[PDB]
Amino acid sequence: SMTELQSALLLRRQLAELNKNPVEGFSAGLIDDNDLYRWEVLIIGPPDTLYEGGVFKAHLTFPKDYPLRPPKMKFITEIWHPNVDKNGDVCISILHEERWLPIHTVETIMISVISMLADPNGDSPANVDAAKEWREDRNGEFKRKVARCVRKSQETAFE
């Protein structure tokens, strides 16, 4: 009960902070107002990256014992990135279990995800195909693929 109360109080205050004082580069909120542990987020491809301009929808699912344990993140929008599994799951070090700490917030996680789009982690990638293209042909096929992802994401954003 205490654990469910602590996790809810933190997520609630974070949500209230983002409703009034959003951070540039992303928007985050509840999928259903009655569920504080299932978030959806829109992430803008950061400048000076191959993802620049993309509008990336993702889900962020918190456990009941947050902040002791991290949330899980999954891109809904299709994306081509070494640390993003084919199913959309985001495998990065800050979400394991540079590591996870009970001080990290939604904002802290988005900062890491945005940096991820600029600098993938080369240790144990989730998309070996994308990882290979990023190491060997970054400005060729990889850039071409990511460009498609970006175009498709902007299409659904202005539908």
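A residue's number is simply how far along the shown sequence it sits, counting from 1.
Count the deposited residues lacking coordinates between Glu97 and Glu98 and you get 10 or more of them. On average the C-alpha atoms of 136-144 have higher B-factors than those of the other stretch, with 136-144 and 19-27 being the two compared. Of the two stretches examined, 61-69 and 39-47, the record assigns the greater average C-alpha temperature factor to 61-69. Placement of the Cα temperature factor of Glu107 within the chain: middle third of the modelled residues, per the deposited record. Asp32: CA B factor lies in the middle third for its chain, per the PDB record. In the deposited entry, the Cα temperature factor of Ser153 places it in the lowest third of its chain's modelled residues.
Among all modelled residues in its chain, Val55 ranks in the lowest third by Cα B-factor.
Ranked within its chain, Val113 lands in the lowest third, by CA B factor from the PDB record.
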